[PDB]
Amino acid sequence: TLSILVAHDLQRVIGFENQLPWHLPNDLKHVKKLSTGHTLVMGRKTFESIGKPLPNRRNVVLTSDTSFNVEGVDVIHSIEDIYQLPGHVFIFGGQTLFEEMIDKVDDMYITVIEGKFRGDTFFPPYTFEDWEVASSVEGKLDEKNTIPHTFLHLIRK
């Protein structure tokens, strides 16, 4: 299976100055639950943003840099390389990867951040005419997690 994994706000903002615009521990827990034991494919900027590979899963970085050879990270240099990766592969960002992959993926695991943030990078537009809502689950709020959010699993019709 090839899936997108993304958090975007009400206006599809995903990032600002190479980081997330929001602090939301529960979204990171969601990512952990979905992708542990599986594969993440990410662009070079996203990787440099996190700074090290995420534990307990295969981290794959897409870059044109032929000098890229980082411990605990597998590198790929083409979109076409993604299709040779076994198991459940999650397209992990950022904007460029999402734009390149949204027409190719089986499904999407979206965390809708129910706020309006300043962004400089965006998830591409999509329509529910093309995507069935397999599930929609409201995130629980508390002291550590104060921004309303909804976990959507969308499957291409």
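One-based numbering along the sequence shown.
**Q** I need to verify one thing: averaged over C-alpha atoms only, is the B-factor higher for 8 to 16 or for 21 to 29?
**A** Stretch with the higher mean C-alpha B-factor: 21 to 29.
**Q** Mean CA temperature factor from the deposited coordinates, higher in 93 to 101 or in 52 to 60?
**A** The recorded data point to 52 to 60.
**Q** Could you tell me which one of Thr66, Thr121, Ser35, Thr46 shows the highest CA temperature factor in the PDB record?
**A** Answer, based on the entry's C-alpha B-factors: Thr66.
**Q** Classify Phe117 as lowest, middle or highest third according to the C-alpha B-factor given in the PDB entry, relative to its own chain.
**A** For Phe117, the deposited C-alpha B-factor lands in the lowest third.
**Q** Of the three thirds of its chain by CA temperature factor, lowest, middle or highest, which one includes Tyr126?
**A** As the PDB entry reports it, the C-alpha B-factor of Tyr126 lands in the middle third of its chain.
**Q** Can you tell me which third, lowest, middle or highest, the CA B-factor of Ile110 falls into for its chain?
**A** As the PDB entry reports it, the C-alpha B-factor of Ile110 lands in the lowest third of its chain.
**Q** Once the chain's modelled residues are ordered by C-alpha B factor and cut into thirds, is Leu141 in the lowest, middle or highest one?
**A** Highest third of the chain for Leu141's C-alpha B-factor.
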